[PDB]
Each structure stands twice: as C-alpha cells, then as structure tokens.
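Everything on this sheet refers to the single structure shown next.
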Amino acid sequence: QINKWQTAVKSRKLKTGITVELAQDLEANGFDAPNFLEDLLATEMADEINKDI
Amino acid sequence: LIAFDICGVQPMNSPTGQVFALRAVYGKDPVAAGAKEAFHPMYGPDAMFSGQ
C-alpha cells in the first residue's frame, strides 16, 4: 500500500530597518554596514529556523 | 559663494572627530594651576627661569 504525507510550505518573515545615519556610523566604526544588516537578518532567521526544527 | 578660502577644512572619515594640541609647560608640573606656557606668543618668556 502507498500512502502520502503532505503539507504546504509555510513562511517566516523578518525586517530590520537601519537608518542611513546608522549605516554611515557603522562604516565609520569599522563595520561593513550593508553586509552587517544582511548577516543580522540571515543569522536571526537561521537561528529561528533551528528553534522551529 | 566665499567657498572655504577663509577657514580650515580637515574633512572627516568618521563623524564626531577630535583635535589635539601641544603646549610646552614649565614649573615642574605640566598640569597645575598657575603653570606657564613656554612658547606663548603674547606672554613673554620667563627670562630668568634657567638663569638667576
């Protein structure tokens, strides 16, 4: 006998929002500001994925 | 415009920068009330400090 196990894909969504002044201060202070933001969200999401799993 | 021909610029590469300055100071303690500046342009030298 062959049965099936199915489910829809569900979504997760995060946002940050960094002002231009903050991005400028991050660059001045040695941080890669555009990558910093992406790492923040990507890391936070990946962590939340691990929590979910 | 008058441009900036009448002032310094020293553009920043970081917000909120700072400027230091050096004063030559005499009287055995560079940081003390009454200590004097050795090369001050208005005030004369202590002409006998190293002498009599």
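Chain labels follow the order of the structure tokens: the first chain is A, the next B, and so on; residue numbering restarts at 1 in every chain, and ligands are counted from 1 in their shown order.
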
Quiz prompt | Contacts of residue 40 (chain B) at 12 Å (only C-alpha atoms; same-chain gap of 6+ positions) as a list in words | solution = residues 22, 23, 24, 25, 26 and 46 of chain B

Practice problem: May I have the residues within 12 Å of residue 27 (chain A) as a list in words, using only C-alpha atoms and disregarding those fewer than 6 positions away in the same chain? | Solution: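 Close residues of residue 27 (chain A): residues 20, 21, 33, 34, 35, 36 and 37 of chain A; 13, 14 and 15 of chain B.
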
Keeping N, CA and C atoms for every residue in the selection just given, could you write it to a file as a PDB file, in the first residue's frame?
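As a result, result.pdb now contains:
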```pdb
ATOM      1  N   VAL A  20      20.040  55.685   7.405  1.00  0.00           N
ATOM      2  CA  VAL A  20      21.239  55.946   6.662  1.00  0.00           C
ATOM      3  C   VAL A  20      22.311  56.445   7.611  1.00  0.00           C
ATOM      4  N   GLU A  21      21.925  57.220   8.629  1.00  0.00           N
ATOM      5  CA  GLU A  21      22.893  57.703   9.582  1.00  0.00           C
ATOM      6  C   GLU A  21      23.535  56.545  10.325  1.00  0.00           C
ATOM      7  N   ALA A  33      28.581  47.847   6.955  1.00  0.00           N
ATOM      8  CA  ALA A  33      27.186  48.124   7.219  1.00  0.00           C
ATOM      9  C   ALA A  33      26.187  47.386   6.310  1.00  0.00           C
ATOM     10  N   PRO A  34      26.310  47.349   4.952  1.00  0.00           N
ATOM     11  CA  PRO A  34      25.333  46.640   4.156  1.00  0.00           C
ATOM     12  C   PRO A  34      25.381  45.141   4.367  1.00  0.00           C
ATOM     13  N   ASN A  35      26.552  44.604   4.720  1.00  0.00           N
ATOM     14  CA  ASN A  35      26.579  43.180   4.942  1.00  0.00           C
ATOM     15  C   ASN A  35      26.176  42.899   6.362  1.00  0.00           C
ATOM     16  N   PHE A  36      26.414  43.854   7.253  1.00  0.00           N
ATOM     17  CA  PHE A  36      26.053  43.721   8.645  1.00  0.00           C
ATOM     18  C   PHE A  36      24.567  43.494   8.708  1.00  0.00           C
ATOM     19  N   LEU A  37      23.794  44.359   8.033  1.00  0.00           N
ATOM     20  CA  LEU A  37      22.355  44.197   8.086  1.00  0.00           C
ATOM     21  C   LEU A  37      21.984  42.818   7.564  1.00  0.00           C
TER      22      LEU A  37
ATOM     23  N   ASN B  13      36.402  61.315   8.145  1.00  0.00           N
ATOM     24  CA  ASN B  13      36.161  59.999   7.582  1.00  0.00           C
ATOM     25  C   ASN B  13      35.472  59.150   8.632  1.00  0.00           C
ATOM     26  N   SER B  14      34.980  59.843   9.634  1.00  0.00           N
ATOM     27  CA  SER B  14      34.279  59.315  10.779  1.00  0.00           C
ATOM     28  C   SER B  14      33.619  60.514  11.424  1.00  0.00           C
ATOM     29  N   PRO B  15      32.364  60.451  11.869  1.00  0.00           N
ATOM     30  CA  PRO B  15      31.641  61.553  12.439  1.00  0.00           C
ATOM     31  C   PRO B  15      32.237  61.806  13.783  1.00  0.00           C
TER      32      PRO B  15
END
```

Exercise. Kindly determine which residues of chain A lie within 9 Å of chain B, considering only C-alpha atoms, and give the answer as a VMD selection string.
Key: chain A and resid 24 to 25 27 to 29

Practice problem: Apply DSSP to the backbone of this structure and, from chain B, keep only the residues in strand (DSSP E or B); write these as a PyMOL selection string. | Solution: chain B and resi 25-26+36-37

Quiz prompt | Coordinates-based distance that separates CA of residue 3 (chain B) from CA of residue 19 (chain B) (Å, one decimal) | solution = 22.8 Å
